[PDB]
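As structure tokens, the structure follows; a few thoughts come after it.
Both counts, for ligands and for their atoms, begin at 1 and track the order of listing. In what follows, residues are counted from 1 in the order of the sequence shown. Scope of the values below: all heavy atoms of this structure, side chains included, with no hydrogens, waters or symmetry mates.
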Amino acid sequence: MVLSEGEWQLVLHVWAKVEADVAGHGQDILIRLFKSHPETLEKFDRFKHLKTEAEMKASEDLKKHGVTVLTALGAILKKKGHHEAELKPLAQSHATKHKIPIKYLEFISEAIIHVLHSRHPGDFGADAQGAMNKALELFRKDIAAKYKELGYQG
Ligand code: HEM
């Protein structure tokens with residue numbers, strides 16, 4: 001809810017490692033999300049027809065959209081919680097157009113933490129993970145607040 005400057009630096013130190021291969025991370029994150037939570041795939045009319053992990057990895061539009069995800073997320077994270085202006089277009093389209101429940105943001109957050117671990121075994125330790133979780137929690141909480149502002153979600 002408030003992160004220390006140290007936790008923010010951990011988050012941004014890790015994020016520079018994402019920005020080194022945004023496509024790879026975005027792809028992996030989306031695939032982890034769809035594998036571990038197939039219900040989220042159904043929300044993508046563009047991808048719902050991708051079934052094996054092998055198909056997802058070969059979809060360049062899935063990879064493109066991972067880039068879309070992560071660059072939007074990275075913009076937010078670089079604001080270190082001063083992200084109201086960035087969240088509202090995101091909350092607006094995910095509440096009202098995509099109709100994404102906040103719970104699915106929790107799933108993709110777990111997918112992010114997981115993919116960060118498999119792509120950075122020695123870099124993503126307990127501290128950075130604690131920090132990244134706080135930052136994604138703050139993100140989720142502020143998105144949820146923005147949902148209710150738009151009059152949405154339980
Ligand atoms: C870190 C969390 C997330 C970020 C930063 C993010 C960001 C974005 C962005 C930038 C777009 C493109 C513009 C827009 O439509 O708003 C998008 C589209 C979309 N998002 Fe997300 N999203 C996140 C989580 C999720 C989750 C978990 C789901 C569904 C389970 C979802 C469902 C969708 C859908 C269906 C679209 C339209 C996709 C398409 O055009 O094929 N989002 N998202």
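- Distances from atom 21 (Fe) of ligand 1 under 2.8 Å pick out these protein N/O/S atoms: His94 NE2.
- Here the NZ atom belonging to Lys103 is positioned 12.0 Å from the OG1 atom belonging to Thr40, to the nearest 0.5 angstrom.
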Derivation of the side chain to side chain contact (heavy atoms under 4.5 Å, CB included) call for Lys88 and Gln92: CA-CA 6 Å; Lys88 311 154 32 63; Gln92 164 166 344; 5.8 Å; no
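- Residue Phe44 places a heavy atom less than 4.0 Å from ligand 1.
- Given atom 40 (O) of ligand 1, the protein heavy atom at minimum distance is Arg46 NH2, 3.0 Å.
- Side-chain atoms of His49 and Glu55 form no donor-acceptor pair, as typed in the model, at a separation below 3.5 Å.
- Annotation: atom 1 (C) of ligand 1 to nearest protein heavy atom, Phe139 CE2, 3.8 Å.
- From the protein, the heavy atom lying nearest to atom 27 (C) of ligand 1 is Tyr104 O, 3.2 Å.
- In this structure, the side chains of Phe34 and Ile108 stay at 4.5 Å or more apart for every pair of heavy atoms.
- By the neighbour-count criterion of 12 heavy atoms within 6.0 Å, atom NE2 of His13 is sparsely surrounded, having that number or fewer from other residues, nucleotides or ligands.
- Looking from atom 24 (C) of ligand 1 to the surrounding protein, the closest heavy atom is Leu105 CD2, 3.5 Å.
- Between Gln129 and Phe124, the closest side-chain pair of non-hydrogen atoms falls below 4.5 Å.
- Distance check for atom 17 (C) of ligand 1: a protein heavy atom is found below 4.0 Å.
- Atoms CZ and CG, from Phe107 and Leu105 in turn, are 10.0 Å apart once rounded to the nearest 0.5 Å.
- If you take CD on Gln27 and OG on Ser59, they are separated by 8.0 Å, rounding to the nearest 0.5 Å.
- Taking 4.0 Å as the cut-off, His65 counts as a neighbour of ligand 1 on heavy-atom distance.
- Not one N or O on the side chain of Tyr147 forms a donor-acceptor pair closer than 3.5 Å with the backbone of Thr96.
- With hydrogens left out, the protein atom closest to atom 35 (C) of ligand 1 is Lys43 O, 3.3 Å, a heavy atom.
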Verdict with supporting geometry, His98 and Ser93, side chain to side chain contact (heavy atoms under 4.5 Å, CB included): CA-CA 6 Å; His98 317 318; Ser93 73; 3.7 Å; yes
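- Regarding atom 30 (C) of ligand 1, its nearest protein heavy-atom neighbour is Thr40 CB, 3.3 Å.
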